[PDB]
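Residue numbers (the deposited numbering), protein chains in the order written: chain A, 1 to 49; chain B, 291 to 339; chain C, 291 to 339.
Idealized CB from N, CA, C, for every residue including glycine.
Taking it in order: structure first as structure tokens, then the write-up.
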């Protein structure tokens with residue numbers, strides 16, 4: 001079974017969501033982020049010393 | 291098969307603050323028929339469990 | 291002689307689907323006087339036990 005959700009980007013924060021399939025008991029997931037990097041791309045142009 | 295049946299649920303409250311952490315407590319009352327483990331959720335965006 | 295006497299019967303419901311199998315559950319409440327084994331039936335053509 002497939003599902004979609006959104007989570008807020010802030011370190012150390014709880015968020016939780018469902019599935020409610022049919023027949024079966026419900027199920028609750030929680031998602032929590034611990035780290036978030038970021039990285040640009042570079043190309044050198046000159047130096048100095 | 292190991293899903294317990296729970297009915298006549300009634301919720302009250304005793305204490306709250308705003309504040310910045312888990313400062314609201316509530317009890318629950320329900321008649322059981324079988325032991326096990328159920329799952330909990332509050333379906334609105336104003337208070338997270 | 292081994293027929294138990296059962297009175298003040300009260301039926302509720304908790305869950306249903308349509309669907310194609312045994313996807314409706316109900317509990318029963320009754321005051322007993324003697325142990326044993328009784329028999330069950332639903333007297334209409336809209337739902338089979």
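Tell me whether residue i sits in a helix, a strand or coil according to DSSP, three-state version.
i	result
residue 46 of chain A	coil
residue 23 of chain A	coil
residue 30 of chain A	strand
residue 302 of chain C	coil
residue 138 of chain A	Chain A is shown from 1 up to 49; residue 138 of chain A falls before or after that span and cannot be answered.
residue 334 of chain B	coil
residue 264 of chain C	Examination of residue 264 of chain C is not possible in this model, given that chain C is present from 291 through 339 alone.
residue 297 of chain B	strand
Kindly say whether residue i, judged by its beta-carbon, lies nearer than 9 Å to any beta-carbon of chain C.
i	result
residue 297 of chain B	yes
residue 23 of chain A	yes
Establish whether the CB of residue i and some CB of chain B are separated by less than 9 Å.
i	result
residue 304 of chain C	yes
Report yes or no: is there a C-beta of chain A within less than 9 Å of the C-beta of residue i?
i	result
residue 313 of chain C	yes
residue 336 of chain B	no
residue 281 of chain B	What is shown of chain B runs 291 to 339, which leaves residue 281 of chain B out entirely.
Which whole-angstrom value describes the C-beta separation of residue i and residue j, a residue pair presumed to lie in contact below a C-beta threshold of 8 Å?
i	j	result
residue 324 of chain C	residue 294 of chain C	5 Å
What is the residue span of the beta strand (DSSP E) that residue i lies within?
i	result
residue 318 of chain C	318 to 321
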